[PDB]
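**Q** Hey, dropping model-v3.cif in here, mmCIF, C-alpha atoms; chains and numbers go by the auth columns:
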```
data_input
loop_
_atom_site.group_PDB
_atom_site.id
_atom_site.type_symbol
_atom_site.label_atom_id
_atom_site.label_comp_id
_atom_site.label_asym_id
_atom_site.label_seq_id
_atom_site.Cartn_x
_atom_site.Cartn_y
_atom_site.Cartn_z
_atom_site.B_iso_or_equiv
_atom_site.auth_seq_id
_atom_site.auth_asym_id
ATOM 1 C CA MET A 1 61.372 42.824 92.549 0.00 1 A
ATOM 2 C CA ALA A 2 64.230 40.645 93.807 0.00 2 A
ATOM 3 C CA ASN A 3 62.017 40.125 96.856 0.00 3 A
ATOM 4 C CA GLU A 4 58.726 39.684 95.032 0.00 4 A
ATOM 5 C CA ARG A 5 60.604 36.787 93.468 0.00 5 A
ATOM 6 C CA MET A 6 61.220 35.121 96.822 0.00 6 A
ATOM 7 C CA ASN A 7 57.776 36.015 98.121 0.00 7 A
ATOM 8 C CA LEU A 8 56.422 34.054 95.170 0.00 8 A
ATOM 9 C CA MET A 9 58.944 31.219 95.334 0.00 9 A
ATOM 10 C CA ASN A 10 58.552 30.608 99.059 0.00 10 A
ATOM 11 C CA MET A 11 54.837 30.715 98.328 0.00 11 A
ATOM 12 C CA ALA A 12 55.122 28.127 95.558 0.00 12 A
ATOM 13 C CA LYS A 13 57.472 26.048 97.727 0.00 13 A
ATOM 14 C CA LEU A 14 54.859 25.826 100.473 0.00 14 A
ATOM 15 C CA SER A 15 51.944 25.125 98.161 0.00 15 A
ATOM 16 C CA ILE A 16 53.781 22.313 96.405 0.00 16 A
ATOM 17 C CA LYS A 17 54.809 20.667 99.679 0.00 17 A
ATOM 18 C CA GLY A 18 51.330 21.150 101.131 0.00 18 A
ATOM 19 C CA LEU A 19 49.696 19.614 98.071 0.00 19 A
ATOM 20 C CA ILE A 20 51.869 16.521 98.021 0.00 20 A
ATOM 21 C CA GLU A 21 51.404 16.170 101.775 0.00 21 A
ATOM 22 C CA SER A 22 47.632 16.655 101.742 0.00 22 A
ATOM 23 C CA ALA A 23 47.547 14.304 98.754 0.00 23 A
ATOM 24 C CA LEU A 24 49.333 11.361 100.367 0.00 24 A
ATOM 25 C CA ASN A 25 46.971 11.330 103.362 0.00 25 A
ATOM 26 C CA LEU A 26 43.818 11.473 101.260 0.00 26 A
ATOM 27 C CA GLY A 27 44.704 8.596 98.955 0.00 27 A
ATOM 28 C CA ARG A 28 42.136 9.158 96.224 0.00 28 A
ATOM 29 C CA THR A 29 42.490 10.940 92.877 0.00 29 A
ATOM 30 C CA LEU A 30 41.991 14.704 92.717 0.00 30 A
ATOM 31 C CA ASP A 31 39.540 16.861 90.753 0.00 31 A
ATOM 32 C CA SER A 32 38.973 20.614 90.399 0.00 32 A
ATOM 33 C CA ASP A 33 37.300 20.754 93.841 0.00 33 A
ATOM 34 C CA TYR A 34 40.387 19.967 95.910 0.00 34 A
ATOM 35 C CA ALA A 35 41.164 23.269 97.622 0.00 35 A
ATOM 36 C CA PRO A 36 44.912 22.583 98.029 0.00 36 A
ATOM 37 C CA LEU A 37 45.087 22.114 94.267 0.00 37 A
ATOM 38 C CA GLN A 38 43.240 25.297 93.251 0.00 38 A
ATOM 39 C CA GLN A 39 45.726 27.061 95.537 0.00 39 A
ATOM 40 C CA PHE A 40 48.695 25.651 93.638 0.00 40 A
ATOM 41 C CA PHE A 41 47.382 26.681 90.231 0.00 41 A
ATOM 42 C CA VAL A 42 46.678 30.224 91.485 0.00 42 A
ATOM 43 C CA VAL A 43 50.149 30.671 92.987 0.00 43 A
ATOM 44 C CA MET A 44 51.681 28.952 89.981 0.00 44 A
ATOM 45 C CA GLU A 45 49.786 31.504 87.878 0.00 45 A
ATOM 46 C CA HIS A 46 51.310 34.360 89.867 0.00 46 A
ATOM 47 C CA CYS A 47 54.839 33.170 89.153 0.00 47 A
ATOM 48 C CA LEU A 48 54.359 33.084 85.399 0.00 48 A
ATOM 49 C CA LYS A 49 52.501 36.395 85.399 0.00 49 A
ATOM 50 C CA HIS A 50 55.443 38.052 87.165 0.00 50 A
ATOM 51 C CA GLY A 51 58.099 39.569 84.938 0.00 51 A
ATOM 52 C CA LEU A 52 55.918 39.509 81.835 0.00 52 A
ATOM 53 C CA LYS A 53 56.630 42.520 79.642 0.00 53 A
ATOM 54 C CA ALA A 54 53.956 45.003 78.576 0.00 54 A
ATOM 55 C CA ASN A 55 48.162 40.489 74.771 0.00 55 A
ATOM 56 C CA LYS A 56 48.416 36.825 75.785 0.00 56 A
ATOM 57 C CA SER A 57 49.731 37.038 79.352 0.00 57 A
ATOM 58 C CA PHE A 58 51.461 33.966 80.803 0.00 58 A
ATOM 59 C CA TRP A 59 49.867 32.019 77.951 0.00 59 A
ATOM 60 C CA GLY A 60 52.460 33.056 75.394 0.00 60 A
ATOM 61 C CA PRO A 61 55.359 31.540 77.368 0.00 61 A
ATOM 62 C CA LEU A 62 53.397 28.293 77.583 0.00 62 A
ATOM 63 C CA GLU A 63 52.465 28.143 73.904 0.00 63 A
ATOM 64 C CA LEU A 64 56.209 27.923 73.320 0.00 64 A
ATOM 65 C CA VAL A 65 56.433 24.633 75.246 0.00 65 A
ATOM 66 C CA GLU A 66 55.059 22.391 72.481 0.00 66 A
ATOM 67 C CA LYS A 67 57.815 23.770 70.250 0.00 67 A
ATOM 68 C CA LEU A 68 60.468 22.670 72.741 0.00 68 A
ATOM 69 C CA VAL A 69 58.668 19.517 73.889 0.00 69 A
ATOM 70 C CA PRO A 70 56.544 18.043 71.047 0.00 70 A
ATOM 71 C CA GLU A 71 54.803 15.953 73.703 0.00 71 A
ATOM 72 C CA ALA A 72 52.974 19.050 74.946 0.00 72 A
ATOM 73 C CA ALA A 73 51.368 19.299 71.524 0.00 73 A
ATOM 74 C CA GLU A 74 48.118 17.516 72.396 0.00 74 A
ATOM 75 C CA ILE A 75 47.222 19.558 75.480 0.00 75 A
ATOM 76 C CA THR A 76 48.058 22.803 73.665 0.00 76 A
ATOM 77 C CA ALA A 77 45.618 21.877 70.903 0.00 77 A
ATOM 78 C CA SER A 78 42.952 20.915 73.427 0.00 78 A
ATOM 79 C CA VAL A 79 42.907 24.350 75.086 0.00 79 A
ATOM 80 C CA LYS A 80 43.010 26.773 72.168 0.00 80 A
ATOM 81 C CA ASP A 81 40.337 27.364 69.533 0.00 81 A
ATOM 82 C CA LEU A 82 37.927 25.916 72.096 0.00 82 A
ATOM 83 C CA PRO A 83 34.510 27.685 72.171 0.00 83 A
ATOM 84 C CA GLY A 84 34.460 28.078 75.949 0.00 84 A
ATOM 85 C CA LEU A 85 38.017 29.358 76.462 0.00 85 A
ATOM 86 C CA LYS A 86 38.068 32.843 74.955 0.00 86 A
ATOM 87 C CA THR A 87 40.712 34.491 77.125 0.00 87 A
ATOM 88 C CA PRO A 88 44.482 33.893 76.686 0.00 88 A
ATOM 89 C CA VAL A 89 44.743 33.632 80.447 0.00 89 A
ATOM 90 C CA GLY A 90 41.809 31.241 80.527 0.00 90 A
ATOM 91 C CA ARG A 91 43.639 29.041 78.037 0.00 91 A
ATOM 92 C CA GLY A 92 46.800 29.186 80.110 0.00 92 A
ATOM 93 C CA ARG A 93 44.971 27.966 83.192 0.00 93 A
ATOM 94 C CA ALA A 94 43.296 25.081 81.358 0.00 94 A
ATOM 95 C CA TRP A 95 46.699 24.149 79.917 0.00 95 A
ATOM 96 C CA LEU A 96 48.343 23.903 83.344 0.00 96 A
ATOM 97 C CA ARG A 97 45.606 21.576 84.588 0.00 97 A
ATOM 98 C CA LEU A 98 45.927 19.416 81.480 0.00 98 A
ATOM 99 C CA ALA A 99 49.709 19.361 81.827 0.00 99 A
ATOM 100 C CA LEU A 100 49.420 18.531 85.532 0.00 100 A
ATOM 101 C CA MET A 101 47.309 15.494 84.614 0.00 101 A
ATOM 102 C CA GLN A 102 50.231 14.167 82.568 0.00 102 A
ATOM 103 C CA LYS A 103 52.705 14.723 85.407 0.00 103 A
ATOM 104 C CA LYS A 104 54.582 16.785 82.815 0.00 104 A
ATOM 105 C CA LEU A 105 54.478 20.071 84.692 0.00 105 A
ATOM 106 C CA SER A 106 58.120 20.150 85.889 0.00 106 A
ATOM 107 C CA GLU A 107 59.334 18.772 82.551 0.00 107 A
ATOM 108 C CA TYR A 108 57.707 21.568 80.544 0.00 108 A
ATOM 109 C CA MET A 109 58.806 24.235 83.029 0.00 109 A
ATOM 110 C CA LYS A 110 62.415 23.028 83.118 0.00 110 A
ATOM 111 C CA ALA A 111 62.460 23.319 79.326 0.00 111 A
ATOM 112 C CA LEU A 112 61.328 26.950 79.466 0.00 112 A
ATOM 113 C CA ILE A 113 63.932 28.163 81.977 0.00 113 A
ATOM 114 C CA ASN A 114 66.512 26.188 80.041 0.00 114 A
ATOM 115 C CA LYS A 115 65.813 28.450 77.054 0.00 115 A
ATOM 116 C CA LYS A 116 66.127 31.996 78.424 0.00 116 A
ATOM 117 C CA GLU A 117 66.749 33.584 75.017 0.00 117 A
ATOM 118 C CA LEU A 118 63.365 32.331 73.854 0.00 118 A
ATOM 119 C CA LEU A 119 61.666 33.194 77.131 0.00 119 A
ATOM 120 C CA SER A 120 63.157 36.704 76.994 0.00 120 A
ATOM 121 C CA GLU A 121 60.450 37.870 74.598 0.00 121 A
ATOM 122 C CA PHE A 122 57.816 37.378 77.292 0.00 122 A
ATOM 123 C CA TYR A 123 59.749 38.115 80.475 0.00 123 A
ATOM 124 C CA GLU A 124 61.917 40.974 81.709 0.00 124 A
ATOM 125 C CA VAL A 125 65.591 40.483 82.564 0.00 125 A
ATOM 126 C CA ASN A 126 64.730 39.916 86.240 0.00 126 A
ATOM 127 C CA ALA A 127 61.479 37.941 86.040 0.00 127 A
ATOM 128 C CA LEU A 128 60.918 34.913 88.272 0.00 128 A
ATOM 129 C CA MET A 129 61.241 32.696 85.192 0.00 129 A
ATOM 130 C CA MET A 130 64.310 34.616 84.011 0.00 130 A
ATOM 131 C CA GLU A 131 65.931 34.284 87.442 0.00 131 A
ATOM 132 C CA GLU A 132 66.910 31.358 89.685 0.00 132 A
ATOM 133 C CA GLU A 133 63.602 31.261 91.569 0.00 133 A
ATOM 134 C CA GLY A 134 61.983 29.951 88.399 0.00 134 A
ATOM 135 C CA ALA A 135 64.578 27.178 88.274 0.00 135 A
ATOM 136 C CA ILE A 136 63.839 26.196 91.879 0.00 136 A
ATOM 137 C CA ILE A 137 60.098 25.994 91.216 0.00 137 A
ATOM 138 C CA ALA A 138 60.561 23.906 88.058 0.00 138 A
ATOM 139 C CA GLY A 139 62.732 21.510 90.019 0.00 139 A
ATOM 140 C CA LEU A 140 60.201 21.262 92.828 0.00 140 A
ATOM 141 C CA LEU A 141 57.336 20.642 90.419 0.00 141 A
ATOM 142 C CA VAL A 142 58.828 17.160 90.158 0.00 142 A
ATOM 143 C CA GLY A 143 57.068 16.222 93.372 0.00 143 A
ATOM 144 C CA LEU A 144 53.686 16.636 91.718 0.00 144 A
ATOM 145 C CA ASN A 145 54.594 13.615 89.607 0.00 145 A
ATOM 146 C CA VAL A 146 53.257 11.423 92.379 0.00 146 A
ATOM 147 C CA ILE A 147 49.866 13.184 92.343 0.00 147 A
ATOM 148 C CA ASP A 148 47.010 11.645 90.341 0.00 148 A
ATOM 149 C CA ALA A 149 44.445 14.189 89.158 0.00 149 A
ATOM 150 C CA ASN A 150 41.441 14.380 86.826 0.00 150 A
ATOM 151 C CA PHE A 151 39.400 17.459 85.970 0.00 151 A
ATOM 152 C CA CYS A 152 37.215 15.887 83.274 0.00 152 A
ATOM 153 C CA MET A 153 33.897 14.777 84.773 0.00 153 A
ATOM 154 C CA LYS A 154 30.348 15.790 85.666 0.00 154 A
ATOM 155 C CA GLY A 155 28.329 13.764 83.174 0.00 155 A
ATOM 156 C CA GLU A 156 27.339 10.504 84.906 0.00 156 A
ATOM 157 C CA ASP A 157 29.403 7.993 82.886 0.00 157 A
ATOM 158 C CA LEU A 158 28.210 5.314 85.296 0.00 158 A
#
```
Could you render the structure from this file as structure tokens?
**A**
Amino acid sequence: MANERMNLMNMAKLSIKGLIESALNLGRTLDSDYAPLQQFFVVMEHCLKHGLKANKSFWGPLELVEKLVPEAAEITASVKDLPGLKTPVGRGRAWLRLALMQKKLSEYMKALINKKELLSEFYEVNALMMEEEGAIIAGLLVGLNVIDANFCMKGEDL
């Protein structure tokens, strides 16, 4: 457990740094095809899934966000009650991508680890989010604020 926390963190730490790095060299905006980005979201998903008590999954902890940060109210309304997204996990994923497009990822995460009594209904006493590793990740997610992304196209528009 205490290790699975560092295995995840050190994972997240590398992904974040490898995304920002890969991103600066490219120079263009990202979509949902950029491999380094899909990686991040997956890892990211493993950190929020870890610790969760025994069904919404890592979605429940995120739903909370808009209650702490009213700014995350629009993206939370865009993902739920949507015909396509039927799974709580599916909604969570979509949310993270939407939040990442606002460069609000670290802001929302820092607000969740800053409220451990609220986050204790979703995570166990020693979950990554309930421990210091979750604080490290939230602080690192500040680097993704220099990454421009957009996962909203396929229909011409030109």
**Q** What is the distance between atom CA of residue A:75 and atom CA of residue A:150, in Å to one decimal?
**A**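 One can read the atom CA of residue A:75 to atom CA of residue A:150 distance as 13.7 Å.
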**Q** Which residues, written as an MDAnalysis selection string, have at least one atom at most 7 Å from residue A:59, with all atoms listed in the file counted and residues fewer than 6 positions away on the same chain left out?
**A** chainID A and resid 88:89 91:92
**Q** What is the atom CA of residue A:57 to atom CA of residue A:145 distance in Å?
**A**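 Between these atoms lies a distance of 26.0 Å.
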**Q** Using all atoms listed in the file, I'd like a table of the residues in stretch 31-124 of chain A that come within 8 Å of stretch 6-19 of chain A; for each, show the closest atom pair and its distance in Å rounded to one decimal, ordered by chain and ascending number, as a tab-separated table.
**A**
```
residue	atom	partner	partner_atom	distance
A:36	CA	A:19	CA	5.6
A:37	CA	A:19	CA	6.5
A:39	CA	A:15	CA	7.0
A:40	CA	A:15	CA	5.6
A:43	CA	A:12	CA	6.1
A:44	CA	A:12	CA	6.6
A:46	CA	A:8	CA	7.4
A:47	CA	A:8	CA	6.3
```
**Q** I need the residue nearest residue A:137 from this list: A:68, A:73, A:48, A:119. Use only C-alpha atoms for the distance.
**A**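 Closest candidate: A:48.
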**Q** Any idea what's packed within 12 Å of residue A:31, counting all atoms listed in the file, ignoring anything in its chain fewer than 4 positions away? Could you give it as a list in words?
**A**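 Result of the neighbour search: residues 23, 35, 36, 37, 38, 97, 98, 100, 101, 147, 148, 149, 150, 151, 152, 153 and 154 of chain A.
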**Q** How would the residues just chosen look if you wrote them out with C-alpha atoms as a CSV table (one decimal), keeping the file's coordinate frame?
**A**
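Saved as result-v5.csv:
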```csv
chain,number,residue,atom,x,y,z
A,23,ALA,CA,47.5,14.3,98.8
A,35,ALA,CA,41.2,23.3,97.6
A,36,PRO,CA,44.9,22.6,98.0
A,37,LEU,CA,45.1,22.1,94.3
A,38,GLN,CA,43.2,25.3,93.3
A,97,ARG,CA,45.6,21.6,84.6
A,98,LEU,CA,45.9,19.4,81.5
A,100,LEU,CA,49.4,18.5,85.5
A,101,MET,CA,47.3,15.5,84.6
A,147,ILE,CA,49.9,13.2,92.3
A,148,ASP,CA,47.0,11.6,90.3
A,149,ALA,CA,44.4,14.2,89.2
A,150,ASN,CA,41.4,14.4,86.8
A,151,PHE,CA,39.4,17.5,86.0
A,152,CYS,CA,37.2,15.9,83.3
A,153,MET,CA,33.9,14.8,84.8
A,154,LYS,CA,30.3,15.8,85.7
```
**Q** Please indicate the distance in Å from atom CA of residue A:50 to atom CA of residue A:63, rounded to one decimal place.
**A**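 Answer for the atom CA of residue A:50 to atom CA of residue A:63 separation: 16.8 Å.
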**Q** Excluding residue A:66 and any residue of its chain fewer than 3 positions from it, enumerate the residues within 10 Å of it, using all atoms listed in the file, and give them as a PyMOL selection string.
**A** chain A and resi 62-63+69-77+108
**Q** Could you pull stretch 120-148 of chain A out of the structure just shown and give C-alpha atoms as a short mmCIF file (atom, residue, chain, number, x, y, z; two decimals), in the first residue's frame?
**A**
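Just written: out-v3.cif:
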```cif
data_model
loop_
_atom_site.label_atom_id
_atom_site.label_comp_id
_atom_site.auth_asym_id
_atom_site.auth_seq_id
_atom_site.Cartn_x
_atom_site.Cartn_y
_atom_site.Cartn_z
CA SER A 120 -12.74 10.44 3.36
CA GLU A 121 -16.11 9.12 2.20
CA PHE A 122 -14.55 7.90 -1.04
CA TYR A 123 -11.01 7.02 0.04
CA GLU A 124 -9.48 4.87 2.76
CA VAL A 125 -7.26 6.34 5.48
CA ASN A 126 -4.13 5.53 3.45
CA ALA A 127 -5.24 6.22 -0.12
CA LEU A 128 -2.97 8.12 -2.51
CA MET A 129 -5.36 11.08 -2.30
CA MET A 130 -5.58 10.75 1.49
CA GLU A 131 -1.78 10.65 1.77
CA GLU A 132 1.05 12.99 0.75
CA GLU A 133 1.57 11.40 -2.68
CA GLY A 134 -1.76 12.90 -3.73
CA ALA A 135 -0.51 16.32 -2.63
CA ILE A 136 2.66 15.93 -4.70
CA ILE A 137 0.69 15.00 -7.82
CA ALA A 138 -1.74 17.91 -7.40
CA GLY A 139 1.21 20.26 -7.10
CA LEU A 140 2.88 18.83 -10.18
CA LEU A 141 -0.31 19.06 -12.23
CA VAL A 142 0.50 22.77 -12.34
CA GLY A 143 2.93 22.10 -15.16
CA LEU A 144 0.10 21.02 -17.43
CA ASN A 145 -1.07 24.63 -17.32
CA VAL A 146 1.28 25.35 -20.18
CA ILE A 147 -0.26 22.61 -22.35
CA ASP A 148 -2.94 23.56 -24.89
#
```
